[PDB]
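A.B. asks: In the entry's author numbering, the protein residues as written are 55 to 463, 468 to 573, 576 to 861.
My questions all concern the structure below.
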Ligand SMILES: *[C@@H]1O[C@H](CO)[C@@H](O[C@@H]2O[C@H](CO)[C@@H](O[C@@H]3O[C@H](CO[C@H]4O[C@H](CO)[C@@H](O)[C@H](O[C@H]5O[C@H](CO)[C@@H](O)[C@H](O)[C@@H]5O[C@H]5O[C@H](CO)[C@@H](O)[C@H](O)[C@@H]5O)[C@@H]4O)[C@@H](O)[C@H](O[C@H]4O[C@H](CO)[C@@H](O)[C@H](O)[C@@H]4O[C@H]4O[C@H](CO)[C@@H](O)[C@H](O)[C@@H]4O)[C@@H]3O)[C@H](O)[C@H]2NC(C)=O)[C@H](O)[C@H]1NC(C)=O
Ligand SMILES: CN1CCn2c(cnc2COc2cc(Cl)c(C#N)cc2C(C)(C)C)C1=O
Ligand SMILES: [Ca+2]
Ligand SMILES: [Ca+2]
Ligand SMILES: [K+]
Ligand code: NA
Ligand SMILES: [Zn+2]
């Protein structure tokens, strides 16, 4: 005589073999004997009808149309519509919600997270005619045109990111399928291992809430609970008394993802799943309205990822590239992860595998990487569950090991998982409620930001995460989070002229014996910082760690020079729309000049570069853009030199000689901050000096793993970058410092055919560069700090609209 009565969908999960009545009884195959009869009632379906109005409460029924259903909180959601002549929520005009309009005893507005699997961003416009409820939320509330998922653009990684504010590499759910070599265990969609708590790192919202005294409803719903029942359960929970009622709830829909896989993102069959999801939204909103909570609850309508057209004929097979294909294990599909089939195979060499997968067919539809060489914006490396070899797959394609795998399983027309900047992978965000703004459209943002906001909505302190708290304040009417700029840890030195030329023995020559007093005070003033206001538009960056460095001023650029790394941490310069490009004179071709402000012992030397047959050098401030022949000499200072592989110099030279001036023309001047990054342990964080794995031969000169640039101008491009009154515009890059161009399959062509495509692939947020350098940018603008935080999280994705 099993005991689920009274306990249907329990919040305090009890301990088996005492029988369960919650969303993980079904998932464990261990429900109390009568769960299905008591907790999954369906008799008479989900809608009141005229003839049910005022009925005699009968507890077999799925939901109720009896008089007493409201204070019980178990009416069918259309009860007041059918039996009281009330209107559907979707038929009421939008009215601003200026304050929460909540029953007494509510201590904060509840939050409902309505998550929709595979809801591609473009469905909001393309399906608007068949989703009236969703369209009301979007138009009346706060929405973005799209929301960026994390990579990989799969379900578990994304939903767990939403819950935690963490990148996959930090929370540990790095794919829908995974092998952990520490546990020696596999995580799969089908089956039970995925439930073990050691997979799931960070602190998800339901725990953050509970630890701070805020009760949560379930986040994981069994696939056997119909959607209408999930909705009714939420509404029932919302009717509980004060001391038991949760404040945060989640609803999950497996659609439109399930149908998008079968039919493709825009298959004609997709219209019905979109209508069904809208109806479910309408049920929730009508249900809240009956409870007088429709102007009390904050609702978030959010997806995990989009959906692209993918068919079994667009499959790449590794057996067409590798003679040795049976010696590897592939995690396949819309990304590839490769590891050895046996770790006892001493033959298995990842470099030979990468080499055999690189630019072998002319329109090859995947590109192989060592995971540390993946674009840093993906943040997809610092986890032992991520295999060393990664294949980034072109949108619309699959990769598989051998052809049998794809014909012992074309059944599907849709898939997802690709690079998170791909337009088809973008998803949705709408926020509706008293805490969200009214009829407001906000720019696109990343789903890692939402955890912080959900915490702000609930009055919770978020666990440490990868969002930038405050960057989404512009979504919110109140409960904004007002952070303070991080404190500078190291104050700069400001060295004057302290060394004579003969103190330097650098192996460096400069054939420059090229000797007024009007001009002599002029050069002195430039060295003392007289043009700094022009080249350092937003103040100097703050150094957020302990180190020794010098500010160096010049006519055309300013730098923060590290005595520890023997090069600039940052170099900052402004190029106006009218700047002229010039070429390096021959009296200066291999010229490098001692910097008499900086000791020989804290300087680079040219002999190390001569000796190092693989390493050459470039400059952070480009000599090509110097303002005068006198100022050009500053660009050849040893303190503006950085180590560069010759293959990388092709990239860098094209950027400096062609692209910067192009950007200045297009944007009405640009301010550029460039520098090195050292991330030898691929954790996305600045390396300390003891982490550096490579030096210029025979020297203490460390070799960067990457070079960054941050390119800022006026959002109103009719104002010049140096005289901007309002909001700013930025694009940035973190380019991999590689000794070959194997990544660029067209690299034998001229740079105008491949360098810009490389830079687009390695586009970056300012915030990414901050983590990687320990610098804080944009310290002195006339803009609000939250606006600046938004700017620092911006990613220029170079996708069409
Ligand atoms: C994105 O946001 C996140 C969150 O803010 C950032 O991640 C943090 O990065 C911090 C710096 O790397 C990191 O701090 C370390 O924590 C160690 C203790 O960590 C444990 O406890 C915490 C707290 O509850 C917990 O969060 C951790 O969770 C990780 O591990 C579990 C497995 O048990 C996973 O389930 C979970 O997914 C998570 O994994 C991720 O992080 C770990 C590293 O912590 C990675 O290896 C995984 O791949 C994955 O990315 C832990 O359970 C602490 O020991 C470290 O301190 C060492 O270093 C300093 C140096 O001065 C020293 O003071 C310490 O004593 C210690 O040094 C000694 O140990 C060294 C290492 O063993 C040893 O080599 C030395 O010789 C010394 O003896 C360090 O403080 C913090 O853990 C994570 N948090 C999370 C959740 O990931 C992330 O950086 C952000 N990303 C970007 C790009 O900004
Ligand atoms: C295959 N699969 C997919 C997801 N799923 C299932 C059942 N129910 C859920 C929904 O899960 C969530 C919903 C939300 Cl909204 C958030 C947040 N934030 C987090 C989760 C996780 C997953 C528990 C982390 C299921 O069978
Ligand atoms: Ca999904
Ligand atoms: Ca690092
Ligand atoms: K060299
Ligand atoms: Na190449
Ligand atoms: Zn899917």
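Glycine included, each C-beta is placed from N, C-alpha and C at the ideal position.
#1: In terms of alpha-carbon separation, which member of 858, 601, 211 lies closest to residue 840?
#2: Do residue 165 and residue 364 count as a contact pair if the criterion is CB distance below 8 angstroms?
#3: Run through the stretch 327–378 for me and flag every whole beta strand (DSSP E) of 3 or more residues, listed as ranges in chain order.
#4: Which residue's Cα is closest to the Cα of residue 333: 628, 186, 751, 627?
#5: Pull up the distance between the alpha-carbon of residue 56 and that of residue 75, whole angstroms please.
#6: Got a sec, what are the start and stop residues for the beta strand (DSSP E) residue 703 sits in?
#7: Report the three-state DSSP secondary structure of residue 482 (helix, strand or coil).
#8: Beta-carbon within less than 6 angstroms of residue 754's beta-carbon, same chain only, minus the 5 sequence neighbours each way: which residues are those?
#9: Alpha carbon to alpha carbon, what distance is there between residue 253 and residue 816?
#10: Which same chain residues end up closer than 6 angstroms to residue 711 when comparing Cβ atoms and leaving out the 5 residues on each side of it in sequence?
#11: At 4 residues or longer, and completely inside the stretch 195–224: list those alpha helix (DSSP H) runs for me, N to C.
#12: Once you ignore the five residues that flank residue 479 on each side, which residues in its own chain have a CB closer than 6 angstroms to its CB?
#13: Using DSSP's beta-bridge definition, name the partner residues of residue 171.
#14: So what does residue 628 bridge to, in DSSP terms?
#15: Closest by CA to residue 769, which one among 473, 84, 669, 628?
#16: Consult DSSP for residue 615 and reduce its assignment to one of helix, strand or coil.
#17: Express the C-alpha separation of residue 297 and residue 467 in angstroms, rounding to a whole number.
#18: Starting from residue 595, trace the alpha helix (DSSP H) in both directions and tell me its first and last residue.
#19: My output table needs one value for residue 465: the three-state DSSP class, helix, strand or coil.
#20: Less than 8 angstroms between the CB atoms is what I'm expecting for residue 419 and residue 370, so what's the real figure, rounded?
#21: May I ask you to report which of helix, strand or coil DSSP gives residue 691?
#22: Hey, quick one: how far does the beta strand (DSSP E) through residue 774 stretch, first residue to last?
#23: Tell me the DSSP secondary structure of residue 133 in three-state form.
#24: Reducing DSSP to helix, strand and coil, say where residue 651 ends up.
#25: For the alpha helix (DSSP H) holding residue 97, just list the boundary residues, first then last.
#26: Distance, Cα to Cα, residue 823 vs residue 767?
#27: Using alpha carbons as the reference points, say which of 653, 211, 803, 215 lies closest to residue 232.
#28: Going by beta carbon distance, what residues of the same chain come within less than 7 angstroms of residue 565, once the five residues before and after it are set aside?
#29: Ligand 7 heavy atoms versus the CB of residue 281: any closer than 7 angstroms?
#30: Could you tell me which residues DSSP puts in a beta bridge with residue 634?
#31: Between residue 363 and ligand 7, is there a pair consisting of the residue's CB and a ligand heavy atom that are separated by less than 7 angstroms?
#32: Return the chain-ordered list of same chain residues with a C-beta closer than 6 angstroms to the C-beta of residue 266, the five sequence neighbours on each side being excluded.
#33: In this structure, how does DSSP classify residue 815 when only helix, strand and coil are distinguished?
#34: Considering only heavy atoms of ligand 4 and the C-beta of each residue, which residues fall inside 5 angstroms, strictly closer?
#35: Who pairs with residue 490 in a beta bridge, going by DSSP?
#36: Look up residue 67 in the DSSP assignment and say whether it is helix, strand or coil.
C.D. replies: Working from what's here:
#1: It is 601.
#2: No.
#3: If we require 3 residues or more, the beta strand (DSSP E) runs fully inside the stretch 327–378 come out as 352–357, 369–371.
#4: Nearest of 628, 186, 751, 627 to residue 333, Cα basis: 186.
#5: So the alpha carbons of these two residues sit roughly 11 angstroms apart.
#6: Counting along the chain, the beta strand (DSSP E) containing residue 703 begins and ends at 701–704.
#7: In the three-state reduction of the DSSP assignment, residue 482 falls in the helix class, which pools H, G and I.
#8: Non-local C-beta neighbours of residue 754 in its own chain, meaning closer than 6 angstroms and more than five positions away in sequence, comprise 763, ordered along the chain.
#9: Rounded to the nearest angstrom, the two C-alpha atoms are 39 angstroms apart.
#10: 815, listed in sequence order.
#11: 209–218, all fully within the stretch 195–224.
#12: Excluding sequence neighbours, residue 479 sits near 857.
#13: By DSSP's assignment, residue 171 forms a beta bridge with 310.
#14: Beta-bridge pairing links residue 628 to 621.
#15: When only C-alpha atoms are compared, the closest one is 628.
#16: Coil at residue 615, not helix or strand.
#17: This structure gives no coordinates for residue 467. The numbering of the chain moves from 463 immediately to 468.
#18: If you look at residue 595, you'll find it in the alpha helix (DSSP H) that goes 592–595.
#19: Residue 465 falls within a stretch that is absent from the model, since the chain runs 463 to 468 with no residues between.
#20: Cβ-Cβ separation between residue 419 and residue 370: approximately 5 angstroms, consistent with a contact (criterion under 8 angstroms).
#21: If DSSP states are grouped into helix, strand and coil, residue 691 belongs with the helices.
#22: According to the DSSP assignment, residue 774 belongs to the beta strand (DSSP E) that extends over 766–774.
#23: Helix at residue 133.
#24: Of the three classes helix, strand and coil, the one that applies to residue 651 here is strand, per DSSP.
#25: Run containing residue 97: none; DSSP gives neither H nor E here.
#26: As the crow flies, the alpha-carbon of residue 823 is around 12 angstroms from that of residue 767.
#27: Ranked by Cα distance from residue 232, the first of 653, 211, 803, 215 is 211.
#28: The answer, listed in chain order, is 665, 666, 667, 670.
#29: No; taking the cut-off as 7 angstroms, the Cβ of residue 281 has no heavy atom of ligand 7 nearer than that.
#30: According to DSSP, residue 634 bridges with 731.
#31: Residue 363: no, Cβ never under 7 angstroms from ligand 7.
#32: Closer than 6 angstroms at Cβ, skipping near neighbours: 518.
#33: Helix, per DSSP.
#34: Cβ-based neighbours of ligand 4 within the cut-off: 739, 741, 743, 745, 747.
#35: According to the DSSP secondary-structure assignment, residue 490 is paired through a beta bridge with 353.
#36: Looking at residue 67 - three-state DSSP - the assignment turns out to be coil, as it is neither helix nor strand.
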